[PDB]
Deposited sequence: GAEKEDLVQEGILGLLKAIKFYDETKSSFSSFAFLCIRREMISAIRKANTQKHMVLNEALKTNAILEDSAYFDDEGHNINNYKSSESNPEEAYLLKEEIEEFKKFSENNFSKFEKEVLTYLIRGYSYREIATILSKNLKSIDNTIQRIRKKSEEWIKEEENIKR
């Protein structure tokens, strides 16, 4: 529940900032997602209006994904945003690597299209 917001943010960052030439998307997502999780643990560790736009974008994504992903895409997303690697996700779901990689990739493209469409609204 808690770190889930951070995971999603990490992923949205992954998607917005991906360099095709620098690496595979799966590993870039894994990187961004764990940086966000760790950031939020580090922050909560030293502790022990830009945010409203972000919180809303995270919430819009949760709904977009709930309402538009396949069951398979949702199963993958669940582990992706909790910082599991595509290899670990294959093991978890008893699916092969290629199949997970392609799913993460569909999550990316479908999310991309959603972001561009959300940024274009002028009713």
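The deposited sequence has C-alpha coordinates everywhere except the stretches 1-4, 53-89.
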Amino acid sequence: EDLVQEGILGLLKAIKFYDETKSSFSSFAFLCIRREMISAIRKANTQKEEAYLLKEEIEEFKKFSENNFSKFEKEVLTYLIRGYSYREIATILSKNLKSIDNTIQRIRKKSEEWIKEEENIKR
From here on, numbers count along this sequence of modelled residues.
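Of the two segments, 9-17 and 103-111, the one listed with the higher mean B-factor is 9-17 (C-alpha atoms only). On average the C-alpha atoms of 37-45 have higher B-factors than those of the other stretch, with 58-66 and 37-45 being the two compared. Of all the options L93, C32, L80, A51, the entry's greatest CA B-factor is assigned to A51.
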